[PDB]
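Chains as they are written, first to last, in UniProt numbering: chain R, 606 to 655; chain W, 705 to 753. The beta carbon of each residue, even a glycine, is placed where N, CA and C say it ideally should be. Here's the structure we're looking at; comments come further down.
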Amino acid sequence: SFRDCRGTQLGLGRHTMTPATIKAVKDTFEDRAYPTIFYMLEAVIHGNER
Amino acid sequence: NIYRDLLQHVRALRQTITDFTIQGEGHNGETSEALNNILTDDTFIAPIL
């Protein structure tokens with residue numbers, strides 16, 4: 606509770622996420638039927654710009 | 705979305721059962737959740753199989 610109150614003190618006037626992005630990211634992190642094609646493509650692409 | 709919400713609520717109930725027990729205390733092959741709760745007790749079975 607102290608850590609959350611301190612975080613409320615830090616994020617007083619700073620940038621916050623609009624609830625649409627919060628809902629979409631929370632939906633995609635709790636999606637158990639996430640396809641493995643994204644995982645394989647991220648594994649093969651492996652963060653190369655080319 | 706409705707089916708995933710129902711499944712997520714079931715898993716939230718399971719995590720709530722897990723939260724309100726203390727782990728590491730297992731007597732005679734019964735885990736702590738099975739010794740505290742019933743929905744985690746393996747001896748109790750579903751109404752239909």
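Host alpha helix (DSSP H) of residue i (start-end)
| i | result |
| --- | --- |
| W:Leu717 | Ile706 to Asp723 |
| W:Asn740 | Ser736 to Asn740 |
| residue 832 of chain W | As displayed, chain W neither begins before 705 nor continues past 753, which places residue 832 of chain W out of reach and without an answer. |
| R:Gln614 | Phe607 to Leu615 |
| R:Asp636 | Careful: R:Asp636 lies outside any alpha helix (DSSP H) and carries neither H nor E. |
Assumed close pair residue i, residue j - CB separation to whole angstroms, cut-off 8 Å
| i | j | result |
| --- | --- | --- |
| W:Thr747 | W:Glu737 | Between W:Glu737 and W:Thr747 the Cβ distance is about 13 Å, and since that is not below 8 Å, they are no contact. |
| R:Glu635 | W:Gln712 | 6 Å |
Cα-Cα separation between residue i and residue j, rounded to whole angstroms
| i | j | result |
| --- | --- | --- |
| W:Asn732 | W:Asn741 | 16 Å |
| W:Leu710 | R:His651 | 35 Å |
| residue 657 of chain W | W:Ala750 | Only positions 705 to 753 of chain W appear in this structure, which leaves residue 657 of chain W out of reach. |
| R:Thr633 | R:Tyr639 | 8 Å |
| W:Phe724 | R:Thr641 | 34 Å |
| W:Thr722 | W:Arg708 | 21 Å |
| W:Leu753 | R:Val630 | 37 Å |
| R:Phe643 | W:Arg718 | 29 Å |
Open item on the list: By the 8 Å beta-carbon criterion, what residues does the stretch 712-727 of chain W contribute toward chain R?
Closed with: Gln712
- [ ] Pull out every residue of the stretch 616-646 of chain R whose Cβ sits closer than 7 Å to any Cβ of chain W, in chain order.
- [x] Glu635
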